[PDB]
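Under the authors' numbering, the residues of the sequence shown are numbered 4 to 125, 127 to 261, in order.
Note that CB positions come from ideal geometry on N, CA and C, so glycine has one too.
Read the structure below first, then the notes.
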Amino acid sequence: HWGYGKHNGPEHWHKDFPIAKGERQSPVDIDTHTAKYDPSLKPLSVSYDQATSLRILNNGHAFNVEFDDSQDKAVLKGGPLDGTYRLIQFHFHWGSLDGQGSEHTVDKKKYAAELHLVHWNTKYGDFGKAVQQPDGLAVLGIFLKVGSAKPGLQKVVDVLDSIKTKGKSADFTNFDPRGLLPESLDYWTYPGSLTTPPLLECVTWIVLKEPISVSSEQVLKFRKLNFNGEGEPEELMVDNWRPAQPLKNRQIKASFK
Ligand SMILES: CC(C)NC[C@@H](O)COc1ccc(C(=O)NCCc2ccc(S(N)(=O)=O)cc2)cc1
Ligand SMILES: CC(C)NC[C@@H](O)COc1ccc(C(=O)NCCc2ccc(S(N)(=O)=O)cc2)cc1
Ligand SMILES: [Zn+2]
């Protein structure tokens with residue numbers, strides 16, 4: 004099945020998921036001089052104070068922190084969005100080396116990792133319906149650079165030993181995702197897709213301009229996870245990122261001058 008290796012990686016995905024060559028695929032390179040400021044874009048509204056985290060899962064491609072999305076608890080509104088989008092899960096993509104790991108790039112620059120806070124449009129009733137709609141999902145993307153530690157990330161880092169291999173999960177209640185946000189909410193936005201199979205073209209991407217900084221030790225602990233299941237040959241979970249895809253007939257808009 005699909006993955007990130009030489010024989011099942013991003014260049015192979017189109018054989019099972021032909022939309023991989025579609026008209027609104029993600030990620031993309033963000034050319035900062037070509038993005039256009041849109042003064043009609045509204046400020047993002049990130050309302051995470053009532054968030055209810057449940058569990059953390061190694062799914063064989065990344066690790067997901069899952070939330071209770073059966074009521075309006077942690078929601079994203081405003082910006083380019085119409086309506087209310089509920090937080091379902093967050094996860095990361097990261098590299099084997101500090102100079103790679105992000106999916107989006109900025110003037111061709113790669114960051115060490117990228118956080119994806121995944122939300123779905125409540127007008128579609130459930131997440132499975134939302135992925136079938138062109139405005140079904142909103143993913144808030146946040147770049148990570150290596151520098152000082154991010155204190156709000158450490159509780160995630162410290163549970164990773166309990167979910168080393170594919171299929172392992174652990175309780176993960178009372179986690180506050182506000183501790184993963186940078187100071188500024190300035191953003192770029194464009195219509196795109198899921199960056200893993202099934203690659204559905206259902207995402208309004210909102211990518212923050214300001215990265216967060218994490219320590220060497222924090223990212224090193226990401227790199228100790230395994231793609232494989234327990235008792236299978238060990239393959240380190242690193243370089244789980246899709247490279248930039250053609251922009252095609254799309255304009256990236258900026259919320260800031
Ligand atoms: C349990 C509550 C609290 N939260 C979890 C909830 O948000 C997940 O909701 C879902 C998730 C999946 C479905 C569903 O219909 N699955 C069958 C079709 C289906 C399969 C795979 C995907 S994927 N790989 O893009 O995410 C999406 C839909 C329907 C609802
Ligand atoms: C009917 C069954 C099969 N569904 C129940 C059970 O399998 C769980 O269902 C699901 C299915 C999927 C999810 C879920 O989180 N899917 C994420 C799909 C997804 C989301 C975001 C990205 S990215 N890199 O663009 O941000 C990529 C893939 C959550 C629950
Ligand atoms: Zn992702």
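- Between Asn11 and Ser43, the alpha-carbon positions lie close to 42 Å from each other.
- The shortest CA-to-CA distance from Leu60 to any of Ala142, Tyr40, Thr177 and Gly235 is the one to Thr177.
- Excluding residues up to 5 positions away in sequence, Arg89 and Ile91 lie with their Cβ nearer than 6 Å to the Cβ of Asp72 in the same chain.
- Going by DSSP, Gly81 is part of the beta strand (DSSP E) stretching over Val78 to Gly81.
- Taking 7 Å as the cut-off, the beta carbon of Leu164 is found closer than this to the beta carbon of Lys225.
- The bridge partners DSSP lists for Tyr40 are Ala258.
- Contact between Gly104 and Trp245 is confirmed by a C-beta separation of about 6 Å, below the 8 Å threshold.
- Assigned with DSSP and collapsed to three states, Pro195 falls in strand.
- For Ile210, the beta-bridge partners assigned by DSSP are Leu144 and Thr193.
- Here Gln28 is buried: its Cβ has 16 or more other Cβ atoms, across all protein chains shown, within 10 Å.
- Beta-bridge annotation (DSSP): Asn67 is paired with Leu60.
- Closer than 6 Å to some heavy atom of ligand 2: that describes the Cβ of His119.
- Taken from the Cβ of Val68, every heavy atom of ligand 1 lies 6 Å or farther away.
- For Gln92, the enclosing beta strand (DSSP E) has its first and last residue at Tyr88 to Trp97.
- Considering only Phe231, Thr169, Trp5 and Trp123, the residue with the shortest C-alpha distance to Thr208 is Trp123.
- Excluding five sequence positions before and after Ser219, the CB atoms of its chain that fall closer than 8 Å to its own CB belong to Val150, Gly151, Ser152, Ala153 and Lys154, given in chain order.
- Of the heavy atoms belonging to ligand 3, none sits nearer than 6 Å to the Cβ of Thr208.
- Around the Cβ of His17, a 10 Å sphere holds fewer than 16 other Cβ atoms; the residue is exposed.
- DSSP places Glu117 inside the beta strand (DSSP E), whose first and last residues are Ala116 to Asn124.
- For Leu47, the enclosing beta strand (DSSP E) covers residues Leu47 to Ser50.
- In the DSSP assignment, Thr108 is bridged to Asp32.
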